[PDB]
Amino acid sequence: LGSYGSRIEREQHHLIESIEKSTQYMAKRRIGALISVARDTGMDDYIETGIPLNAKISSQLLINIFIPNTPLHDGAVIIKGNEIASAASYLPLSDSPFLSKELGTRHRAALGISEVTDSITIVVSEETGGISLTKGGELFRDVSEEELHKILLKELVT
């Protein structure tokens, strides 16, 4: 609880900064990433699919998880509460015919989880390095640093 109105407000700003730094690092290096931040819905069903970490949130841990050809890189990192709950979780795929065919199953899975939960999911493309975000069944494609920070600030701080 430093310089913020609560411990919780501080932890949420730490979560935002960890997501920003990690995606920035992984985007430059064309590293695929899938980070889904649970909110009100509760995502215990999909945490059980992956490998449980229950680890403190940091930009460095988020990077090491998605390094290619490593035991944790294929799947989704799910953040629940104030910790990284699991890695290598699989998400439901959206059946939307409106998803661009330029986007692979990683983008299609992030859309799938946004349709059935009120979570925020962040995607970094292996092909292009573009950062994308899904919420409420809607995808924002190739967002900027400024645009991403505005969405995370709006949707992840309470």
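In case it trips you up, residue 1 is the first one in the sequence shown, and so on. What we label the rigid core is the largest C-alpha set whose atoms superpose within 1.5 Å from one form to the other.
Engineer: Could you check whether 34-42 or 48-56 drifts more from the shown form in 8 other deposited structures of this protein, using RMS Cα distance once the core is superposed?
Structural biologist: More C-alpha displacement in 8 other deposited structures of this protein shows up in 34-42.
Engineer: On mean C-alpha B-factor from the PDB entry, just flag whether 92-100 or 40-48 is the higher one.
Structural biologist: The stretch with the larger average C-alpha B-factor is 40-48.
Engineer: Comparing 148-156 with 1-9, which has the greater mean CA B-factor as deposited?
Structural biologist: According to the PDB entry, the answer is 1-9.
Engineer: Among the modelled residues of this chain, does the Cα B factor of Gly81 put it in the lowest, middle or highest third?
Structural biologist: It belongs to the highest third of the chain when residues are ordered by C-alpha B-factor.
Engineer: For the chain shown, is the CA B-factor of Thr117 in the lowest, middle or highest third of its modelled residues?
Structural biologist: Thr117: CA B-factor falls in the highest third of its chain.
Engineer: Compare the C-alpha B factor of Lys56 with those of the other modelled residues in its chain, then answer lowest, middle or highest third.
Structural biologist: Middle third by C-alpha B-factor.
Engineer: Which third, lowest, middle or highest, does the C-alpha temperature factor of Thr134 belong to within its own chain?
Structural biologist: Bottom third by C-alpha B-factor.
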